[PDB]
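*Asks:* Here you go, one structure.
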Amino acid sequence: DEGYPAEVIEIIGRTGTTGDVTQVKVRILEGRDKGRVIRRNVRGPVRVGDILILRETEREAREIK
Amino acid sequence: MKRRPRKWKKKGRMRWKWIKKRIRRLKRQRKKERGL
Amino acid sequence: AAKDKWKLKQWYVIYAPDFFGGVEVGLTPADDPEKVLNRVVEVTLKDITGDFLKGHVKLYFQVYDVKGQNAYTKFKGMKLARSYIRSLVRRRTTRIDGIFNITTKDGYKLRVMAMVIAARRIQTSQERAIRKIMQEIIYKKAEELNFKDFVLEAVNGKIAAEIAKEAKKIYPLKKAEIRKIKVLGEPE
Amino acid sequence: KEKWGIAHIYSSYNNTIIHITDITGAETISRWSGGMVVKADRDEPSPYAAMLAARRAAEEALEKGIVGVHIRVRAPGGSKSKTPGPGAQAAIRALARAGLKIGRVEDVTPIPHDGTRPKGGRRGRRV
RNA sequence: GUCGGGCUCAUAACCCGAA
RNA sequence: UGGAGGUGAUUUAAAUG
RNA sequence: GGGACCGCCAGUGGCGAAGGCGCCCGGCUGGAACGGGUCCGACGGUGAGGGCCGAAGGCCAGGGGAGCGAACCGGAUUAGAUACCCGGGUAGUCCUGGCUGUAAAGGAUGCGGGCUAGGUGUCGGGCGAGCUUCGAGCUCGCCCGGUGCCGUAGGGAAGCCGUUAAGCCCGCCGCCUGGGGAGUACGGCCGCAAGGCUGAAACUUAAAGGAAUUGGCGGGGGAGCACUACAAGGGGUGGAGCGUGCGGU
Ligand SMILES: [Mg+2]
Ligand SMILES: [Mg+2]
Ligand SMILES: [Mg+2]
Ligand SMILES: [Mg+2]
Ligand SMILES: [Mg+2]
Ligand SMILES: [Mg+2]
Ligand SMILES: [Mg+2]
Ligand SMILES: [Mg+2]
Ligand SMILES: [Mg+2]
Ligand SMILES: [Mg+2]
Ligand SMILES: [Mg+2]
Ligand SMILES: [Mg+2]
Ligand SMILES: [Mg+2]
Ligand SMILES: [Mg+2]
Ligand SMILES: [Mg+2]
Ligand SMILES: [Mg+2]
Ligand SMILES: [Mg+2]
Ligand SMILES: [Mg+2]
Ligand SMILES: [Mg+2]
């Protein structure tokens, strides 16, 4: 109901049709898979140390070149 | 028919296979009228 | 009502055949015990005899009799796993197959598939000689043994070892296996 | 003891089907496809639809006493494509997450030793 | 169908408004 | 360094001067 | 229960005059290479006429019909869509006995013989040496015959060919003589038919055709860039009245 926070630890690269998307590796901070590292796609400027609120933690983005 | 492979080239002409089909169609009409 | 229909079903215990140990291999549901006959279950040889080596050997057991909540089975056939035999066939090697119809000493009809992998590419005449050695060994074993003894020696690897020892004299070998067995008929 | 079943996964480019039976295969425990969890044809073969269907099927199986499954995944095969669609692996991961234990995993795509002629002509689809 | 405007280097197709 | 073959694929529509 | 087809191993690998030939076991049968102080003794090459073989499709009789699928019947796309795409579907694709004799049937390169640097793979046979788990096994070298690649002299318009010649020489047969009209008309032979082989003229025309060069372009590939590009944003023009410029009248 309130999402799960995750901390960005590495920047992978830019993607999307117009370059507006960034792929990152995040570490889950709370919930069932606390400690798991997964990669996600993000819209907007982001740096190492940011925190996202994921509404679910079972989808992982396809690895980009 | 005799072979003329130069006719198969496409620059400035229609496809030889269909020219051949048209010629054979025309020859059938002449042979039918020759029988009457 | 659908849930009610599921509540009419009882669970039956399935047992392996007598000469494989007769151990419990699983459970299956059914409302009427007559519908349990002729069902088939697939289990690996690692499940019966505990060893982390023979995990690619698959045996098929078919239910033939139901008594109480117990279901008893007979041996139907055997196969090696697809991914296993796929890892054996390589380029710059030679694969030799032989498919033979046999009868056991106690009147059982079987079909047996054997396979040999040679170290390098070989000539056609050498493949024929190896196939002939395979045929002779399998016919002799069928003449000697009963159904139960033949099946056990086929799945343990004894027949394959005899084949490899015999076929060395044509060409050095990389592998030798009884690839598949199916039962066709049983004695009257 | 332990009641174990079998998960049959059929995965093509157009849809995904997840079907849980008992150990012998003769009795159906649950059955869900992509068109039962989404409303658009285009989304039927996606990984997310596969996850949703696998979750529904796994819950229905768990309510009836199944503890684990062995997995058989297949592409259409025969004279059609031999490669599974994008939903198979997502379906496999979702079954374990929902609470089922996982046994052995194998591919059972039917493969001919030179069978029948496929559709399209000697020229194939021309797009 | 008529008239007018968009889009195109321009015409056809296409989009919009109107009587 | 440079070559010869094989199997897979190819995300709507788009005429003219 | 049924009809068709034999995956991986599989290799500029093998066999055949070419077309073509790939599941296993048994029988009948054709050709070639290697080894050869065996036999015959020029018995050879090419080949006008003539003869035989010859993919797919088609035709004539009798069977068979899983899958695919000319024609055709529906659903879409589009300005139209007699198509491309999707759902069905007759002939045909398969077997037995015949006819037809056609392909970019292309190595686009007719066949026999002698001669003219090398290097390096691979298939069959033979010889020598060394290993060996004693295997119809493995490694290296040499001879002969097949099958690829790089390349010297020479050849060629060049691309390229180069002891598997498109090089130098000794033979025989077939074909060509600017582009079109035309592989047509007329005449003949062959075929059940569809069609096959043979084949002009009047007239028209300054090129047609080949190999390679520099650019330009592509609903080809790769790299880079711009708020007169986009993406993220802030403010607007397009509707009204009026200032001013342009078309028309
Ligand atoms: Mg010429
Ligand atoms: Mg649906
Ligand atoms: Mg199109
Ligand atoms: Mg216009
Ligand atoms: Mg002649
Ligand atoms: Mg169709
Ligand atoms: Mg059909
Ligand atoms: Mg050919
Ligand atoms: Mg060629
Ligand atoms: Mg020729
Ligand atoms: Mg040799
Ligand atoms: Mg040869
Ligand atoms: Mg040679
Ligand atoms: Mg050369
Ligand atoms: Mg002339
Ligand atoms: Mg005539
Ligand atoms: Mg602009
Ligand atoms: Mg913008
Ligand atoms: Mg205004």
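Following the order of the structure tokens, first chain is A, next is B, and so on, with residues numbered from 1 inside each chain and ligands from 1 in the order they appear.
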Please build the interface table for chain F against chain D with a cut-off of 12 Å, listing for each qualifying residue the nearest atom pair and the distance in Å to one decimal; count only C-alpha atoms (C1' of nucleotides), order rows by chain and increasing number, and write it as JSON lines.
*Replies:*
{"residue": "F:8", "atom": "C1'", "partner": "D:81", "partner_atom": "CA", "distance": 11.4}
{"residue": "F:9", "atom": "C1'", "partner": "D:125", "partner_atom": "CA", "distance": 11.5}
{"residue": "F:10", "atom": "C1'", "partner": "D:127", "partner_atom": "CA", "distance": 8.3}
{"residue": "F:11", "atom": "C1'", "partner": "D:127", "partner_atom": "CA", "distance": 10.2}
{"residue": "F:12", "atom": "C1'", "partner": "D:127", "partner_atom": "CA", "distance": 11.2}
*Asks:* Any residue with an atom at most 12 Å from ligand 17 counts, using only C-alpha atoms (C1' of nucleotides) and all ligand atoms. Which are they? Put them as an NGL selection string.
*Replies:* :G and (227-230)
*Asks:* Residues as selected, N, CA and C atoms (P, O5', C5', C4', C3', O3' and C1' of nucleotides), written as a PDB file, in the first residue's frame, can you do that?
*Replies:*
ATOM      1  P     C G 227      22.558  23.500 -29.757  1.00  0.00           P
ATOM      2  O5'   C G 227      20.980  23.587 -29.585  1.00  0.00           O
ATOM      3  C5'   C G 227      20.251  24.748 -29.974  1.00  0.00           C
ATOM      4  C4'   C G 227      18.862  24.382 -30.431  1.00  0.00           C
ATOM      5  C3'   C G 227      18.068  25.477 -31.145  1.00  0.00           C
ATOM      6  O3'   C G 227      17.489  24.934 -32.330  1.00  0.00           O
ATOM      7  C1'   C G 227      16.790  24.561 -29.345  1.00  0.00           C
ATOM      8  P     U G 228      18.158  25.237 -33.762  1.00  0.00           P
ATOM      9  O5'   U G 228      16.918  25.361 -34.753  1.00  0.00           O
ATOM     10  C5'   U G 228      15.821  26.216 -34.463  1.00  0.00           C
ATOM     11  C4'   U G 228      15.292  26.893 -35.706  1.00  0.00           C
ATOM     12  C3'   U G 228      15.191  26.031 -36.956  1.00  0.00           C
ATOM     13  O3'   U G 228      14.033  25.214 -36.964  1.00  0.00           O
ATOM     14  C1'   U G 228      16.173  28.119 -37.503  1.00  0.00           C
ATOM     15  P     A G 229      14.065  23.738 -37.601  1.00  0.00           P
ATOM     16  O5'   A G 229      15.148  22.945 -36.735  1.00  0.00           O
ATOM     17  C5'   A G 229      14.859  22.492 -35.417  1.00  0.00           C
ATOM     18  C4'   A G 229      14.791  20.985 -35.339  1.00  0.00           C
ATOM     19  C3'   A G 229      14.142  20.418 -34.086  1.00  0.00           C
ATOM     20  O3'   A G 229      12.729  20.430 -34.150  1.00  0.00           O
ATOM     21  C1'   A G 229      16.148  19.242 -34.542  1.00  0.00           C
ATOM     22  P     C G 230      11.855  20.794 -32.857  1.00  0.00           P
ATOM     23  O5'   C G 230      11.779  19.422 -32.048  1.00  0.00           O
ATOM     24  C5'   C G 230      11.260  18.240 -32.644  1.00  0.00           C
ATOM     25  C4'   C G 230      11.732  16.989 -31.938  1.00  0.00           C
ATOM     26  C3'   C G 230      11.374  16.856 -30.463  1.00  0.00           C
ATOM     27  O3'   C G 230      10.049  16.396 -30.247  1.00  0.00           O
ATOM     28  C1'   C G 230      13.650  16.281 -30.789  1.00  0.00           C
TER      29        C G 230
END
*Asks:* Could you write out as a PyMOL selection string the residues of chain C within 9 Å of chain G, counting only C-alpha atoms (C1' of nucleotides)?
*Replies:* chain C and resi 86+89-99+125-126+167-172
*Asks:* If we count only C-alpha atoms (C1' of nucleotides) and set the cut-off at 12 Å, which residues sit around residue E:16, ignoring sequence neighbours fewer than 5 positions away in its own chain? Please answer as a ChimeraX atom specification.
*Replies:* /E:4-7
*Asks:* Can I get the residues close to ligand 3 as an MDAnalysis selection string, where close means within 12 Å and we count only C-alpha atoms (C1' of nucleotides) and all ligand atoms?
*Replies:* (chainID D and resid 125:127) or (chainID F and resid 11:14) or (chainID G and resid 77:78 83:85 219)
*Asks:* Let me see the file: selected residues, N, CA, C and O atoms (P, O5', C5', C4', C3', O3' and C1' of nucleotides), as a PDB file, in the first residue's frame.
*Replies:*
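Listed below is the output, out.pdb:
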ATOM      1  N   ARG D 125       6.600 -16.034 -45.863  1.00  0.00           N
ATOM      2  CA  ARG D 125       5.875 -14.775 -45.713  1.00  0.00           C
ATOM      3  C   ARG D 125       6.660 -13.651 -46.374  1.00  0.00           C
ATOM      4  O   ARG D 125       7.864 -13.516 -46.154  1.00  0.00           O
ATOM      5  N   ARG D 126       5.968 -12.846 -47.167  1.00  0.00           N
ATOM      6  CA  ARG D 126       6.600 -11.729 -47.852  1.00  0.00           C
ATOM      7  C   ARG D 126       6.088 -10.403 -47.292  1.00  0.00           C
ATOM      8  O   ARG D 126       5.087  -9.857 -47.746  1.00  0.00           O
ATOM      9  N   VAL D 127       6.790  -9.909 -46.278  1.00  0.00           N
ATOM     10  CA  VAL D 127       6.456  -8.648 -45.632  1.00  0.00           C
ATOM     11  C   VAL D 127       7.674  -7.726 -45.665  1.00  0.00           C
ATOM     12  O   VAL D 127       7.569  -6.512 -45.520  1.00  0.00           O
TER      13      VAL D 127
ATOM     14  P     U F  11      11.173  -4.922 -38.963  1.00  0.00           P
ATOM     15  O5'   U F  11       9.740  -4.690 -39.623  1.00  0.00           O
ATOM     16  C5'   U F  11       8.608  -5.447 -39.196  1.00  0.00           C
ATOM     17  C4'   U F  11       7.426  -4.576 -38.824  1.00  0.00           C
ATOM     18  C3'   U F  11       7.697  -3.077 -38.737  1.00  0.00           C
ATOM     19  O3'   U F  11       6.504  -2.367 -39.059  1.00  0.00           O
ATOM     20  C1'   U F  11       7.021  -3.873 -36.621  1.00  0.00           C
ATOM     21  P     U F  12       6.477  -1.307 -40.263  1.00  0.00           P
ATOM     22  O5'   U F  12       4.929  -1.161 -40.614  1.00  0.00           O
ATOM     23  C5'   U F  12       4.071  -2.293 -40.650  1.00  0.00           C
ATOM     24  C4'   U F  12       2.658  -1.913 -41.023  1.00  0.00           C
ATOM     25  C3'   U F  12       2.489  -1.151 -42.328  1.00  0.00           C
ATOM     26  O3'   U F  12       2.518  -1.983 -43.478  1.00  0.00           O
ATOM     27  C1'   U F  12       1.255  -0.068 -40.634  1.00  0.00           C
ATOM     28  P     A F  13       3.203  -1.472 -44.844  1.00  0.00           P
ATOM     29  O5'   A F  13       2.319  -0.226 -45.300  1.00  0.00           O
ATOM     30  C5'   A F  13       0.976  -0.378 -45.740  1.00  0.00           C
ATOM     31  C4'   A F  13       0.316   0.962 -45.957  1.00  0.00           C
ATOM     32  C3'   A F  13       1.022   1.893 -46.938  1.00  0.00           C
ATOM     33  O3'   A F  13       0.699   1.634 -48.293  1.00  0.00           O
ATOM     34  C1'   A F  13       0.586   3.067 -44.945  1.00  0.00           C
ATOM     35  P     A F  14       1.849   1.611 -49.416  1.00  0.00           P
ATOM     36  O5'   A F  14       2.426   3.097 -49.422  1.00  0.00           O
ATOM     37  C5'   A F  14       1.650   4.197 -49.875  1.00  0.00           C
ATOM     38  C4'   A F  14       2.456   5.476 -49.893  1.00  0.00           C
ATOM     39  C3'   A F  14       3.815   5.407 -50.579  1.00  0.00           C
ATOM     40  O3'   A F  14       3.735   5.507 -51.990  1.00  0.00           O
ATOM     41  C1'   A F  14       4.052   6.485 -48.496  1.00  0.00           C
TER      42        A F  14
ATOM     43  P     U G  77      -9.150  -2.563 -42.644  1.00  0.00           P
ATOM     44  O5'   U G  77      -7.847  -2.469 -43.555  1.00  0.00           O
ATOM     45  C5'   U G  77      -6.542  -2.491 -42.993  1.00  0.00           C
ATOM     46  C4'   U G  77      -5.484  -2.357 -44.061  1.00  0.00           C
ATOM     47  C3'   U G  77      -5.610  -1.151 -44.980  1.00  0.00           C
ATOM     48  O3'   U G  77      -5.076   0.034 -44.417  1.00  0.00           O
ATOM     49  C1'   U G  77      -5.225  -3.096 -46.269  1.00  0.00           C
ATOM     50  P     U G  78      -5.856   1.430 -44.570  1.00  0.00           P
ATOM     51  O5'   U G  78      -5.794   1.757 -46.129  1.00  0.00           O
ATOM     52  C5'   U G  78      -4.558   2.009 -46.784  1.00  0.00           C
ATOM     53  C4'   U G  78      -4.715   2.054 -48.285  1.00  0.00           C
ATOM     54  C3'   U G  78      -5.757   3.021 -48.833  1.00  0.00           C
ATOM     55  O3'   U G  78      -5.308   4.365 -48.898  1.00  0.00           O
ATOM     56  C1'   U G  78      -5.988   0.920 -49.899  1.00  0.00           C
ATOM     57  P     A G  83      -6.093 -11.784 -57.382  1.00  0.00           P
ATOM     58  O5'   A G  83      -5.359 -10.757 -56.406  1.00  0.00           O
ATOM     59  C5'   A G  83      -4.615 -11.175 -55.277  1.00  0.00           C
ATOM     60  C4'   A G  83      -3.209 -10.622 -55.313  1.00  0.00           C
ATOM     61  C3'   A G  83      -2.434 -10.701 -54.013  1.00  0.00           C
ATOM     62  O3'   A G  83      -1.899 -11.988 -53.790  1.00  0.00           O
ATOM     63  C1'   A G  83      -2.119  -8.570 -55.007  1.00  0.00           C
ATOM     64  P     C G  84      -1.884 -12.615 -52.319  1.00  0.00           P
ATOM     65  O5'   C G  84      -0.681 -11.856 -51.601  1.00  0.00           O
ATOM     66  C5'   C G  84       0.640 -11.915 -52.123  1.00  0.00           C
ATOM     67  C4'   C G  84       1.524 -10.848 -51.529  1.00  0.00           C
ATOM     68  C3'   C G  84       1.549 -10.759 -50.009  1.00  0.00           C
ATOM     69  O3'   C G  84       2.435 -11.698 -49.422  1.00  0.00           O
ATOM     70  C1'   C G  84       1.313  -8.588 -50.946  1.00  0.00           C
ATOM     71  P     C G  85       1.890 -12.962 -48.592  1.00  0.00           P
ATOM     72  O5'   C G  85       1.168 -12.338 -47.318  1.00  0.00           O
ATOM     73  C5'   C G  85       1.892 -11.681 -46.290  1.00  0.00           C
ATOM     74  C4'   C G  85       0.980 -11.264 -45.160  1.00  0.00           C
ATOM     75  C3'   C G  85       0.005 -12.327 -44.672  1.00  0.00           C
ATOM     76  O3'   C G  85       0.584 -13.231 -43.747  1.00  0.00           O
ATOM     77  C1'   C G  85      -1.156 -10.295 -45.022  1.00  0.00           C
ATOM     78  P     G G 219      16.296   5.859 -47.234  1.00  0.00           P
ATOM     79  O5'   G G 219      14.896   5.270 -46.767  1.00  0.00           O
ATOM     80  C5'   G G 219      14.806   4.303 -45.729  1.00  0.00           C
ATOM     81  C4'   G G 219      13.742   3.279 -46.029  1.00  0.00           C
ATOM     82  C3'   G G 219      14.064   2.309 -47.155  1.00  0.00           C
ATOM     83  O3'   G G 219      14.829   1.212 -46.671  1.00  0.00           O
ATOM     84  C1'   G G 219      11.854   3.177 -47.420  1.00  0.00           C
TER      85        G G 219
END
*Asks:* Write as a PyMOL selection string the residues around ligand 2, taking 7 Å as the cut-off and counting only C-alpha atoms (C1' of nucleotides) and all ligand atoms.
*Replies:* chain D and resi 35+41+44
*Asks:* Based on the selection just made, write C-alpha atoms of those residues as a PDB file, in the first residue's frame.
*Replies:*
ATOM      1  CA  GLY D  35      -6.389 -14.182 -22.179  1.00  0.00           C
ATOM      2  CA  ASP D  41      -4.749  -9.317 -27.471  1.00  0.00           C
ATOM      3  CA  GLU D  44      -1.386 -11.865 -24.003  1.00  0.00           C
TER       4      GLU D  44
END
*Asks:* Return the neighbours of chain G among the residues of chain A, cut-off 9 Å, counting only C-alpha atoms (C1' of nucleotides), as a ChimeraX atom specification.
*Replies:* /A:17-20,44
*Asks:* Would you export the selected residues with C-alpha atoms as a CSV table (one decimal), in the first residue's frame, please?
*Replies:*
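File produced: again08.csv:
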chain,number,residue,atom,x,y,z
A,17,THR,CA,13.1,6.6,-27.8
A,18,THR,CA,14.5,10.1,-27.1
A,19,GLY,CA,17.1,9.2,-24.5
A,20,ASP,CA,14.9,10.2,-21.6
A,44,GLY,CA,14.2,11.9,-14.6
*Asks:* May I ask you to write as a list in words all residues lying at most 10 Å from ligand 9, with only C-alpha atoms (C1' of nucleotides) and all ligand atoms counted?
*Replies:*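 If we count only C-alpha atoms (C1' of nucleotides) and all ligand atoms, the neighbours of ligand 9 turn out to be residues 104, 106, 107 and 108 of chain G.
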*Asks:* Could you give me the residues within 10 Å of ligand 12, counting only C-alpha atoms (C1' of nucleotides) and all ligand atoms, as a count of residues only?
*Replies:* 6
*Asks:* Do you know which residues are at most 10 Å from residue A:34 counting only C-alpha atoms (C1' of nucleotides), after dropping those on the same chain fewer than 6 positions away, and could you put them as a list in words?
*Replies:*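 Within the cut-off, the hits are residues 4, 5, 6, 27, 28 and 57 of chain A.
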*Asks:* I need the chosen residues saved as a compact mmCIF listing (two decimals), in the first residue's frame, with N, CA, C and O atoms.
*Replies:*
# COMPACT_ATOMS: atom_id res chain seq x y z
N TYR A 4 7.95 0.18 -1.45
CA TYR A 4 9.18 -0.25 -0.81
C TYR A 4 10.33 0.63 -1.28
O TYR A 4 10.48 0.85 -2.50
N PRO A 5 11.14 1.16 -0.38
CA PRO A 5 12.26 2.00 -0.80
C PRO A 5 13.48 1.19 -1.22
O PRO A 5 13.76 0.11 -0.70
N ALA A 6 14.20 1.74 -2.19
CA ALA A 6 15.39 1.09 -2.74
C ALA A 6 16.44 2.15 -3.06
O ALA A 6 16.12 3.25 -3.51
N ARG A 27 19.25 -1.65 -4.63
CA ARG A 27 19.20 -2.62 -3.54
C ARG A 27 17.95 -2.36 -2.71
O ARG A 27 17.74 -1.24 -2.23
N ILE A 28 17.13 -3.40 -2.54
CA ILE A 28 15.89 -3.25 -1.79
C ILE A 28 16.20 -3.05 -0.32
O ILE A 28 17.04 -3.75 0.26
N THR A 57 8.21 -5.29 -6.47
CA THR A 57 9.63 -5.62 -6.57
C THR A 57 9.89 -6.92 -7.34
O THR A 57 10.94 -7.54 -7.13
*Asks:* How would you write, as a PyMOL selection string, the set of residues no farther than 10 Å from ligand 5 when counting only C-alpha atoms (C1' of nucleotides) and all ligand atoms?
*Replies:* chain G and resi 47-50+173-174
*Asks:* What residues of the protein or nucleic acid chains come within 8 Å of ligand 8 when you use only C-alpha atoms (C1' of nucleotides) and all ligand atoms? Reply as a ChimeraX atom specification.
*Replies:* /G:19,55,105-106
*Asks:* How would the residues just picked look written out with N, CA and C atoms (P, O5', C5', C4', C3', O3' and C1' of nucleotides) as a PDB file, in the first residue's frame?
*Replies:*
ATOM      1  P     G G  19      24.243 -32.401 -63.143  1.00  0.00           P
ATOM      2  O5'   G G  19      22.731 -32.815 -63.424  1.00  0.00           O
ATOM      3  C5'   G G  19      21.866 -32.000 -64.202  1.00  0.00           C
ATOM      4  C4'   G G  19      20.557 -32.691 -64.501  1.00  0.00           C
ATOM      5  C3'   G G  19      19.706 -33.082 -63.304  1.00  0.00           C
ATOM      6  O3'   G G  19      18.986 -31.999 -62.746  1.00  0.00           O
ATOM      7  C1'   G G  19      19.801 -34.894 -64.810  1.00  0.00           C
ATOM      8  P     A G  55      14.205 -36.403 -65.414  1.00  0.00           P
ATOM      9  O5'   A G  55      14.073 -35.198 -64.376  1.00  0.00           O
ATOM     10  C5'   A G  55      14.851 -35.182 -63.188  1.00  0.00           C
ATOM     11  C4'   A G  55      14.743 -33.885 -62.418  1.00  0.00           C
ATOM     12  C3'   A G  55      13.352 -33.387 -62.065  1.00  0.00           C
ATOM     13  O3'   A G  55      12.764 -34.088 -60.987  1.00  0.00           O
ATOM     14  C1'   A G  55      14.706 -31.574 -62.765  1.00  0.00           C
ATOM     15  P     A G 105      20.005 -23.438 -64.465  1.00  0.00           P
ATOM     16  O5'   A G 105      19.593 -24.294 -65.750  1.00  0.00           O
ATOM     17  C5'   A G 105      20.549 -24.786 -66.680  1.00  0.00           C
ATOM     18  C4'   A G 105      20.662 -26.295 -66.639  1.00  0.00           C
ATOM     19  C3'   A G 105      21.638 -26.916 -67.629  1.00  0.00           C
ATOM     20  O3'   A G 105      22.979 -26.842 -67.184  1.00  0.00           O
ATOM     21  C1'   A G 105      19.603 -28.139 -67.643  1.00  0.00           C
ATOM     22  P     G G 106      24.182 -26.560 -68.207  1.00  0.00           P
ATOM     23  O5'   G G 106      24.844 -25.217 -67.659  1.00  0.00           O
ATOM     24  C5'   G G 106      26.178 -25.207 -67.170  1.00  0.00           C
ATOM     25  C4'   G G 106      26.335 -24.399 -65.902  1.00  0.00           C
ATOM     26  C3'   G G 106      25.319 -24.671 -64.792  1.00  0.00           C
ATOM     27  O3'   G G 106      25.994 -24.698 -63.536  1.00  0.00           O
ATOM     28  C1'   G G 106      25.329 -22.350 -65.338  1.00  0.00           C
TER      29        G G 106
END
*Asks:* If you run DSSP on this backbone, which residues of chain B come out as alpha helix (DSSP H), and could you give them as a VMD selection string?
*Replies:* chain B and resid 16 to 35
*Asks:* Where does chain D meet chain G within 9 Å, residue by residue, with the nearest atom pair and distance in Å to one decimal for each, counting only C-alpha atoms (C1' of nucleotides), listed by chain and rising number, as a Markdown table?
*Replies:*
| residue | atom | partner | partner_atom | distance |
| --- | --- | --- | --- | --- |
| D:111 | CA | G:7 | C1' | 8.1 |
| D:112 | CA | G:7 | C1' | 6.5 |
| D:113 | CA | G:7 | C1' | 4.1 |
| D:114 | CA | G:7 | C1' | 5.4 |
| D:115 | CA | G:5 | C1' | 5.4 |
| D:116 | CA | G:67 | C1' | 5.5 |
| D:117 | CA | G:68 | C1' | 5.9 |
| D:118 | CA | G:68 | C1' | 6.8 |
| D:119 | CA | G:68 | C1' | 6.6 |
| D:120 | CA | G:68 | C1' | 8.6 |
| D:121 | CA | G:68 | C1' | 7.9 |
| D:125 | CA | G:85 | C1' | 8.4 |
| D:126 | CA | G:84 | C1' | 6.9 |
| D:127 | CA | G:84 | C1' | 7.4 |
*Asks:* Keeping C-alpha atoms, export the residues of the selection given above as a PDB file, in the first residue's frame.
*Replies:*
ATOM      1  CA  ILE D 111      10.929 -32.151 -32.686  1.00  0.00           C
ATOM      2  CA  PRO D 112      10.524 -34.091 -35.959  1.00  0.00           C
ATOM      3  CA  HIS D 113      13.097 -36.280 -37.628  1.00  0.00           C
ATOM      4  CA  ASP D 114      12.002 -34.708 -40.948  1.00  0.00           C
ATOM      5  CA  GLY D 115       8.210 -34.508 -40.730  1.00  0.00           C
ATOM      6  CA  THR D 116       5.696 -32.425 -42.711  1.00  0.00           C
ATOM      7  CA  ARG D 117       5.752 -29.332 -44.953  1.00  0.00           C
ATOM      8  CA  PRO D 118       5.146 -25.949 -43.255  1.00  0.00           C
ATOM      9  CA  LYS D 119       2.854 -23.163 -44.434  1.00  0.00           C
ATOM     10  CA  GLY D 120       3.852 -20.224 -46.636  1.00  0.00           C
ATOM     11  CA  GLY D 121       5.106 -21.706 -49.922  1.00  0.00           C
ATOM     12  CA  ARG D 125       5.875 -14.775 -45.713  1.00  0.00           C
ATOM     13  CA  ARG D 126       6.600 -11.729 -47.852  1.00  0.00           C
ATOM     14  CA  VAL D 127       6.456  -8.648 -45.632  1.00  0.00           C
TER      15      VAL D 127
END
